[PDB]
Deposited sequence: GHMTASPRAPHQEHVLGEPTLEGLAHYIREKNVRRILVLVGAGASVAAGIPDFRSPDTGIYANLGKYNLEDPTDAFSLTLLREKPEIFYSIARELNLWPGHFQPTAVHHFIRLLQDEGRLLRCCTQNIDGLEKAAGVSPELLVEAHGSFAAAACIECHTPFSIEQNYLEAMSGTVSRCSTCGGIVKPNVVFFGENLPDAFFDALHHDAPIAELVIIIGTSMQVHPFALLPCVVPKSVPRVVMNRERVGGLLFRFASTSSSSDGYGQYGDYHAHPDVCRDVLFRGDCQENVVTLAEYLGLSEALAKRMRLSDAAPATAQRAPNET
């Protein structure tokens, strides 16, 4: 069918690499979610033989995601602090994956418009994605602050308190302190809105790795890119409902392990030596 002719020519990892090279694509928006960091060993909330899941049980939540609710934090901070102790998201424990290093390579090639991550693990930053190019749209465990007055709090103090069973408290208002993770009901950082209003409308290509589409406003990012640009989804699930059609035919879904798919993409891009070298240098 003519209406199915794909913007990429061949909707394959090979075709994508060709399209990037032949069209000299320089404005690649990369979006990153929880699927990208599984290979780093990050504890899945939802997995029954995890320590993280065992914990959530006693509390009985209509969702592991209520642990990240600002209203539950004000009411019963022991719950999020108990989860924080188990996830080990403090920078310097987990290491970047092949996806993370790949994004760094796109930056060093001059092809990254912006990397926007909904992960709170800091691995994009650990892979050397620069500050001007990285948006931690949901924050991370790198800094901490009072939720009532927003006064910064020592992350090292917050770490020591959290890991020894103490909920941290503001020295100005007695408010509850947390790491600067954006919780449900909090504002996202400015840099997210910069990316949504200014980067996504000028993307030439969007590669969406391991993300849900069910957390907002983050999920708007690929909705506001031009209607004609390719959107590459690497995910273990058929995500996005009817917002994606896997108006020109421009979406593709690559199932399987996103770590393997990025490695293959890298091969076709001529970046396989640079990637193997980053991967040895820190695994």
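No alpha-carbon coordinates exist for the deposited sequence positions 1-8, 255-274, 312-324, given here in order along the chain.
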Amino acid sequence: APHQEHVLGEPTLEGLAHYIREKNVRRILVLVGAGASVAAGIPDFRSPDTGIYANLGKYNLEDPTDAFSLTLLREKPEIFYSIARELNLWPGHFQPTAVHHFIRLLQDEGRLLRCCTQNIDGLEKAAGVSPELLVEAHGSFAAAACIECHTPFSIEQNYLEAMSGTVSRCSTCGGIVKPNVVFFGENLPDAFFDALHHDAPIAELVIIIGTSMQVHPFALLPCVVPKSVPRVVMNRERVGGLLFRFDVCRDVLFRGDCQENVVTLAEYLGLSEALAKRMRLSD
From here on, numbers count along this sequence of modelled residues.
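Of the two segments examined, 110-118 and 141-149, it is 141-149 that shows the higher average Cα temperature factor in the deposited entry.
For the pair 187-195 and 69-77, the mean B factor over Cα atoms is greater in 69-77. Comparing the C-alpha B-factors of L242, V252, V224, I52 in the entry, the top value falls on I52. In this structure the maximum Cα B-factor among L134, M213, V181, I209 is found at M213.
Compared with the other modelled residues of the chain, the Cα B-factor recorded for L89 ranks in the middle third. Among the modelled residues of the chain, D257 sits in the lowest third by CA temperature factor in this PDB entry. For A127, the recorded CA temperature factor ranks within the middle third of the chain's modelled residues. Looking at the C-alpha B-factors along this chain, the one for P64 belongs to the highest third. In the PDB entry, a CA B factor belonging to the middle third of its chain's modelled residues is recorded for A40.
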